[PDB]
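J.: What follows is coords-v3.pdb, PDB, C-alpha atoms and all ligand atoms.
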```pdb
ATOM      1  CA  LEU A   7     105.795 100.018  81.270  1.00  0.00           C
ATOM      2  CA  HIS A   8     102.963  98.183  79.462  1.00  0.00           C
ATOM      3  CA  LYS A   9      99.522  96.897  80.366  1.00  0.00           C
ATOM      4  CA  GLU A  10      98.762  93.192  80.010  1.00  0.00           C
ATOM      5  CA  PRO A  11      95.419  91.540  80.247  1.00  0.00           C
ATOM      6  CA  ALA A  12      94.062  89.532  83.164  1.00  0.00           C
ATOM      7  CA  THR A  13      90.702  88.464  84.667  1.00  0.00           C
ATOM      8  CA  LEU A  14      89.379  88.666  88.203  1.00  0.00           C
ATOM      9  CA  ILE A  15      89.335  85.374  90.027  1.00  0.00           C
ATOM     10  CA  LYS A  16      88.477  86.962  93.418  1.00  0.00           C
ATOM     11  CA  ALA A  17      88.596  90.108  95.543  1.00  0.00           C
ATOM     12  CA  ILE A  18      90.729  89.491  98.663  1.00  0.00           C
ATOM     13  CA  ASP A  19      91.337  92.725 100.611  1.00  0.00           C
ATOM     14  CA  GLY A  20      92.262  96.338 100.111  1.00  0.00           C
ATOM     15  CA  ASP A  21      95.692  95.728  98.456  1.00  0.00           C
ATOM     16  CA  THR A  22      95.579  92.066  97.240  1.00  0.00           C
ATOM     17  CA  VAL A  23      93.489  90.440  94.544  1.00  0.00           C
ATOM     18  CA  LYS A  24      93.430  87.042  92.888  1.00  0.00           C
ATOM     19  CA  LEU A  25      93.765  87.256  89.086  1.00  0.00           C
ATOM     20  CA  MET A  26      94.311  84.922  86.190  1.00  0.00           C
ATOM     21  CA  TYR A  27      97.482  86.046  84.442  1.00  0.00           C
ATOM     22  CA  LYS A  28      98.675  84.294  81.292  1.00  0.00           C
ATOM     23  CA  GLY A  29      96.351  81.473  82.100  1.00  0.00           C
ATOM     24  CA  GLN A  30      97.524  80.967  85.659  1.00  0.00           C
ATOM     25  CA  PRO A  31      95.936  81.861  89.063  1.00  0.00           C
ATOM     26  CA  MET A  32      98.022  84.325  91.042  1.00  0.00           C
ATOM     27  CA  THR A  33      97.663  86.597  94.046  1.00  0.00           C
ATOM     28  CA  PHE A  34      98.645  90.068  93.170  1.00  0.00           C
ATOM     29  CA  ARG A  35      99.928  92.611  95.682  1.00  0.00           C
ATOM     30  CA  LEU A  36      99.579  96.281  94.840  1.00  0.00           C
ATOM     31  CA  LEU A  37     102.840  98.135  94.328  1.00  0.00           C
ATOM     32  CA  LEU A  38     103.305 101.352  96.319  1.00  0.00           C
ATOM     33  CA  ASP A  39     100.232 100.796  98.553  1.00  0.00           C
ATOM     34  CA  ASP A  40      99.474  99.817 102.135  1.00  0.00           C
ATOM     35  CA  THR A  41      95.833  99.300 103.036  1.00  0.00           C
ATOM     36  CA  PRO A  42      94.816  98.490 106.627  1.00  0.00           C
ATOM     37  CA  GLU A  43      94.103  94.806 107.344  1.00  0.00           C
ATOM     38  CA  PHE A  50      90.429  93.813 107.474  1.00  0.00           C
ATOM     39  CA  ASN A  51      90.324  93.804 111.242  1.00  0.00           C
ATOM     40  CA  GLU A  52      91.916  97.271 111.431  1.00  0.00           C
ATOM     41  CA  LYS A  53      90.292 100.604 111.163  1.00  0.00           C
ATOM     42  CA  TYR A  54      89.171 101.381 107.533  1.00  0.00           C
ATOM     43  CA  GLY A  55      90.091  97.827 106.570  1.00  0.00           C
ATOM     44  CA  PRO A  56      86.546  96.933 105.708  1.00  0.00           C
ATOM     45  CA  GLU A  57      86.162 100.166 103.742  1.00  0.00           C
ATOM     46  CA  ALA A  58      89.535  99.483 101.821  1.00  0.00           C
ATOM     47  CA  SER A  59      88.447  95.890 101.018  1.00  0.00           C
ATOM     48  CA  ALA A  60      85.076  97.095  99.874  1.00  0.00           C
ATOM     49  CA  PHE A  61      86.544  99.819  97.684  1.00  0.00           C
ATOM     50  CA  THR A  62      88.995  97.515  95.878  1.00  0.00           C
ATOM     51  CA  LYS A  63      86.280  94.805  95.536  1.00  0.00           C
ATOM     52  CA  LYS A  64      83.764  97.025  93.794  1.00  0.00           C
ATOM     53  CA  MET A  65      86.429  98.523  91.626  1.00  0.00           C
ATOM     54  CA  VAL A  66      87.580  95.168  90.319  1.00  0.00           C
ATOM     55  CA  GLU A  67      84.181  93.392  90.347  1.00  0.00           C
ATOM     56  CA  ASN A  68      82.456  96.154  88.311  1.00  0.00           C
ATOM     57  CA  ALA A  69      85.284  96.354  85.802  1.00  0.00           C
ATOM     58  CA  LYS A  70      84.802  95.104  82.342  1.00  0.00           C
ATOM     59  CA  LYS A  71      88.560  94.952  81.751  1.00  0.00           C
ATOM     60  CA  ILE A  72      91.336  94.281  84.269  1.00  0.00           C
ATOM     61  CA  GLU A  73      94.934  94.984  83.258  1.00  0.00           C
ATOM     62  CA  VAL A  74      98.214  94.256  85.007  1.00  0.00           C
ATOM     63  CA  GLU A  75     101.261  96.508  84.624  1.00  0.00           C
ATOM     64  CA  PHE A  76     104.593  95.298  85.995  1.00  0.00           C
ATOM     65  CA  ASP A  77     107.327  97.852  86.896  1.00  0.00           C
ATOM     66  CA  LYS A  78     111.074  97.594  86.083  1.00  0.00           C
ATOM     67  CA  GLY A  79     112.224  95.389  88.918  1.00  0.00           C
ATOM     68  CA  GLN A  80     111.027  92.515  91.102  1.00  0.00           C
ATOM     69  CA  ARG A  81     107.791  91.000  89.575  1.00  0.00           C
ATOM     70  CA  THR A  82     107.208  88.464  92.497  1.00  0.00           C
ATOM     71  CA  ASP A  83     107.679  89.032  96.244  1.00  0.00           C
ATOM     72  CA  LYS A  84     109.112  86.548  98.706  1.00  0.00           C
ATOM     73  CA  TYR A  85     105.601  85.109  99.281  1.00  0.00           C
ATOM     74  CA  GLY A  86     105.122  84.402  95.520  1.00  0.00           C
ATOM     75  CA  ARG A  87     102.711  87.313  95.163  1.00  0.00           C
ATOM     76  CA  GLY A  88     102.792  89.134  91.846  1.00  0.00           C
ATOM     77  CA  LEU A  89     103.810  92.824  92.237  1.00  0.00           C
ATOM     78  CA  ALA A  90     102.009  95.191  89.854  1.00  0.00           C
ATOM     79  CA  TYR A  91      99.883  98.213  89.122  1.00  0.00           C
ATOM     80  CA  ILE A  92      96.322  97.045  88.534  1.00  0.00           C
ATOM     81  CA  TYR A  93      93.802  98.923  86.281  1.00  0.00           C
ATOM     82  CA  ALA A  94      90.079  98.649  86.223  1.00  0.00           C
ATOM     83  CA  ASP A  95      88.614  99.905  82.979  1.00  0.00           C
ATOM     84  CA  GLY A  96      91.754 102.045  82.530  1.00  0.00           C
ATOM     85  CA  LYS A  97      91.629 103.387  86.119  1.00  0.00           C
ATOM     86  CA  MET A  98      94.531 102.597  88.436  1.00  0.00           C
ATOM     87  CA  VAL A  99      93.345 100.832  91.590  1.00  0.00           C
ATOM     88  CA  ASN A 100      96.680 101.539  93.360  1.00  0.00           C
ATOM     89  CA  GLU A 101      96.441 105.274  92.849  1.00  0.00           C
ATOM     90  CA  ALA A 102      92.649 105.407  93.552  1.00  0.00           C
ATOM     91  CA  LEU A 103      92.860 103.906  97.028  1.00  0.00           C
ATOM     92  CA  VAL A 104      95.505 106.515  97.922  1.00  0.00           C
ATOM     93  CA  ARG A 105      93.339 109.335  96.526  1.00  0.00           C
ATOM     94  CA  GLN A 106      90.388 108.351  98.764  1.00  0.00           C
ATOM     95  CA  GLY A 107      92.554 108.022 101.865  1.00  0.00           C
ATOM     96  CA  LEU A 108      92.060 104.239 102.003  1.00  0.00           C
ATOM     97  CA  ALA A 109      95.754 103.413 101.490  1.00  0.00           C
ATOM     98  CA  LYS A 110      99.087 104.997 102.394  1.00  0.00           C
ATOM     99  CA  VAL A 111     102.029 105.324  99.945  1.00  0.00           C
ATOM    100  CA  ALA A 112     104.344 102.479 101.187  1.00  0.00           C
ATOM    101  CA  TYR A 113     106.943  99.825 100.314  1.00  0.00           C
ATOM    102  CA  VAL A 114     108.607 102.014  97.730  1.00  0.00           C
ATOM    103  CA  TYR A 115     111.731 100.192  96.642  1.00  0.00           C
ATOM    104  CA  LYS A 116     114.114 101.440  93.988  1.00  0.00           C
ATOM    105  CA  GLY A 117     113.537  99.177  90.964  1.00  0.00           C
ATOM    106  CA  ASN A 118     109.752  99.451  91.336  1.00  0.00           C
ATOM    107  CA  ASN A 119     108.774 103.105  91.867  1.00  0.00           C
ATOM    108  CA  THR A 120     107.672 104.363  88.455  1.00  0.00           C
ATOM    109  CA  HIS A 121     104.304 105.778  89.649  1.00  0.00           C
ATOM    110  CA  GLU A 122     105.670 107.088  92.940  1.00  0.00           C
ATOM    111  CA  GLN A 123     105.237 110.833  92.358  1.00  0.00           C
ATOM    112  CA  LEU A 124     101.760 110.320  90.981  1.00  0.00           C
ATOM    113  CA  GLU A 125     100.660 108.408  94.134  1.00  0.00           C
ATOM    114  CA  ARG A 126     102.362 110.896  96.399  1.00  0.00           C
ATOM    115  CA  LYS A 127     100.388 113.704  94.716  1.00  0.00           C
ATOM    116  CA  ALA A 128      97.116 111.771  95.434  1.00  0.00           C
ATOM    117  CA  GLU A 129      98.095 111.159  99.048  1.00  0.00           C
ATOM    118  CA  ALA A 130      98.780 114.897  99.596  1.00  0.00           C
ATOM    119  CA  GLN A 131      95.283 115.606  98.271  1.00  0.00           C
ATOM    120  CA  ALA A 132      93.620 112.893 100.403  1.00  0.00           C
ATOM    121  CA  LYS A 133      95.393 114.534 103.344  1.00  0.00           C
ATOM    122  CA  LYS A 134      94.263 118.100 102.500  1.00  0.00           C
ATOM    123  CA  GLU A 135      90.661 116.815 102.479  1.00  0.00           C
ATOM    124  CA  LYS A 136      91.366 114.769 105.618  1.00  0.00           C
ATOM    125  CA  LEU A 137      89.697 111.708 104.026  1.00  0.00           C
ATOM    126  CA  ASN A 138      89.142 108.414 105.852  1.00  0.00           C
ATOM    127  CA  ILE A 139      92.610 107.460 107.205  1.00  0.00           C
ATOM    128  CA  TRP A 140      93.552 111.209 107.482  1.00  0.00           C
ATOM    129  CA  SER A 141      90.439 112.114 109.584  1.00  0.00           C
TER     130      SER A 141
HETATM  131  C1  LIG A 201     104.193  95.918  98.369  1.00  0.00           C
HETATM  132  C2  LIG A 201     105.401  95.050  98.559  1.00  0.00           C
HETATM  133  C3  LIG A 201     105.454  94.228  99.675  1.00  0.00           C
HETATM  134  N1  LIG A 201     106.487  93.397  99.882  1.00  0.00           N
HETATM  135  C4  LIG A 201     106.591  92.534 101.067  1.00  0.00           C
HETATM  136  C5  LIG A 201     107.265  93.314 102.178  1.00  0.00           C
HETATM  137  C6  LIG A 201     106.573  92.868 103.438  1.00  0.00           C
HETATM  138  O1  LIG A 201     107.431  91.864 104.002  1.00  0.00           O
HETATM  139  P1  LIG A 201     107.110  91.206 105.413  1.00  0.00           P
HETATM  140  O2  LIG A 201     105.911  90.311 105.203  1.00  0.00           O
HETATM  141  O3  LIG A 201     108.392  90.483 105.621  1.00  0.00           O
HETATM  142  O4  LIG A 201     106.789  92.289 106.387  1.00  0.00           O
HETATM  143  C7  LIG A 201     105.211  92.359 102.953  1.00  0.00           C
HETATM  144  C8  LIG A 201     104.074  93.346 103.185  1.00  0.00           C
HETATM  145  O5  LIG A 201     102.865  92.855 102.617  1.00  0.00           O
HETATM  146  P2  LIG A 201     101.447  93.102 103.331  1.00  0.00           P
HETATM  147  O6  LIG A 201     101.308  94.588 103.534  1.00  0.00           O
HETATM  148  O7  LIG A 201     100.498  92.500 102.302  1.00  0.00           O
HETATM  149  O8  LIG A 201     101.588  92.384 104.618  1.00  0.00           O
HETATM  150  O9  LIG A 201     105.344  92.103 101.566  1.00  0.00           O
HETATM  151  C9  LIG A 201     107.567  93.414  98.969  1.00  0.00           C
HETATM  152  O10 LIG A 201     108.537  92.683  99.197  1.00  0.00           O
HETATM  153  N2  LIG A 201     107.574  94.207  97.876  1.00  0.00           N
HETATM  154  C10 LIG A 201     106.546  95.033  97.615  1.00  0.00           C
HETATM  155  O11 LIG A 201     106.600  95.773  96.612  1.00  0.00           O
HETATM  156 CA    CA A 202      98.165  95.664 104.071  1.00  0.00          CA
END
```
Let me see the file written as structure tokens.
T.:
Amino acid sequence: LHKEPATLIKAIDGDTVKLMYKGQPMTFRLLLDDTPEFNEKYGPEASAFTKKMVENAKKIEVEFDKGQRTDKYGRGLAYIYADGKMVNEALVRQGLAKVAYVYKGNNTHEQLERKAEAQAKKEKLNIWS
């Protein structure tokens, strides 16, 4: 897997973000993550977390996995990094996302996110409180 550049166009919610990728606007959906929706519990807090992460970042990178790069809605499927820090994994660490939607061609950082989820749970953070 390799990182590729991109630039924030706009925060959207906890687990989607609009980026410019190879010169083209594109809604990206975070592999391996499920944040609550805005109108659900911890939804505002998940949206806020992702937003600040991406808005403060000096460098946004996109990392595709081995399989499906676009979902059926035309959303890009990737790991996103904010100044070298994985947004997908960081949500899970803080108990603001669950590990979810783990399909076989696209699960490279599964064990890593599972490890973070276990530790969010131990601390009973946010969603696990
Ligand atoms: C994260 C992810 C979601 N999806 C699809 C499955 C879900 O389909 P359905 O919409 O048919 O339920 C939807 C969940 O996205 P949201 O959690 O953004 O709603 O996006 C993928 O196909 N691959 C993925 O890797
Ligand atoms: Ca969601």
J.: I'd like the neighbourhood of residue 64 (chain A) as a list in words, where a residue qualifies if any of its atoms comes within 12 Å (using only C-alpha atoms), though same-chain residues fewer than 3 positions away should be ignored.
T.: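 Residues meeting the cut-off are residues 14, 16, 17, 18, 19, 20, 23, 57, 58, 59, 60, 61, 67, 68, 69, 70, 94, 99 and 103 of chain A.
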J.: Could you list, as number ranges by chain, every residue matched by the PyMOL selection byres (((not hetatm)) within 9 of (chain A and resi 202)) in this structure?
T.: A: 19-22, 39-43, 50, 55, 109
J.: Go through the chains and note each residue within 6 Å of ligand LIG 201 (chain A), using all atoms listed in the file, then give the set as a list in words.
T.: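 Listed by chain and ascending number, the contacts are residues 36, 37, 38, 40, 83, 89 and 113 of chain A.
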J.: Expressed in Å to a single decimal, how great is the separation between CA of residue 125 (chain A) and CA of residue 7 (chain A)?
T.: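 These atoms are spaced 16.2 Å apart.
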J.: From the list A:105, A:87, A:78, A:121, which residue is nearest residue 137 (chain A) when using all atoms listed in the file?
T.: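 For residue 137 (chain A), the nearest of the given residues is A:105.
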J.: For residue 95 (chain A), work out the shell of residues within 9 Å, counting all atoms listed in the file and skipping chain neighbours fewer than 2 positions away, then give it as a short mmCIF file (atom, residue, chain, number, x, y, z; two decimals) with C-alpha atoms, keeping the file's coordinate frame.
T.:
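So the final result, stored in selection07.cif, reads:
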```cif
data_model
loop_
_atom_site.label_atom_id
_atom_site.label_comp_id
_atom_site.auth_asym_id
_atom_site.auth_seq_id
_atom_site.Cartn_x
_atom_site.Cartn_y
_atom_site.Cartn_z
CA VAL A 66 87.58 95.17 90.32
CA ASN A 68 82.46 96.15 88.31
CA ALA A 69 85.28 96.35 85.80
CA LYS A 70 84.80 95.10 82.34
CA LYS A 71 88.56 94.95 81.75
CA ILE A 72 91.34 94.28 84.27
CA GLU A 73 94.93 94.98 83.26
CA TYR A 93 93.80 98.92 86.28
CA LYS A 97 91.63 103.39 86.12
CA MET A 98 94.53 102.60 88.44
#
```
J.: Tell me, as a short mmCIF file (atom, residue, chain, number, x, y, z; two decimals) with C-alpha atoms, in the frame of the given file, which residues lie within 12 Å of residue 26 (chain A), counting only C-alpha atoms; anything in the same chain fewer than 5 positions away does not count.
T.:
```
data_model
loop_
_atom_site.label_atom_id
_atom_site.label_comp_id
_atom_site.auth_asym_id
_atom_site.auth_seq_id
_atom_site.Cartn_x
_atom_site.Cartn_y
_atom_site.Cartn_z
CA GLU A 10 98.76 93.19 80.01
CA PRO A 11 95.42 91.54 80.25
CA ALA A 12 94.06 89.53 83.16
CA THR A 13 90.70 88.46 84.67
CA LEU A 14 89.38 88.67 88.20
CA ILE A 15 89.34 85.37 90.03
CA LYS A 16 88.48 86.96 93.42
CA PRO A 31 95.94 81.86 89.06
CA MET A 32 98.02 84.32 91.04
CA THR A 33 97.66 86.60 94.05
CA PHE A 34 98.64 90.07 93.17
CA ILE A 72 91.34 94.28 84.27
CA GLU A 73 94.93 94.98 83.26
CA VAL A 74 98.21 94.26 85.01
CA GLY A 88 102.79 89.13 91.85
#
```
J.: Where does the PyMOL selection byres (((chain A and resi 120) around 12) and not hetatm) land in this file, that is, which residues does it pick, as a ChimeraX atom specification?
T.: /A:7-8,37-38,75-79,90-91,114-119,121-126
J.: Rounded to one decimal, what separation in Å do you get between CA of residue 111 (chain A) and CA of residue 128 (chain A)?
T.: 9.3 Å
J.: One decimal, in Å: what's the spacing between CA of residue 136 (chain A) and CA of residue 92 (chain A)?
T.: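 About the pair CA of residue 136 (chain A) and CA of residue 92 (chain A): they are 25.1 Å apart.
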J.: Report the centre and edge lengths, in Å to one decimal, of an axis-aligned box enclosing every atom of region 14-30 of chain A listed in the file, padded by 6 Å on each side, as lines of an AutoDock Vina configuration file.
T.:
```
center_x = 93.6
center_y = 88.7
center_z = 91.0
size_x = 22.2
size_y = 27.4
size_z = 31.3
```
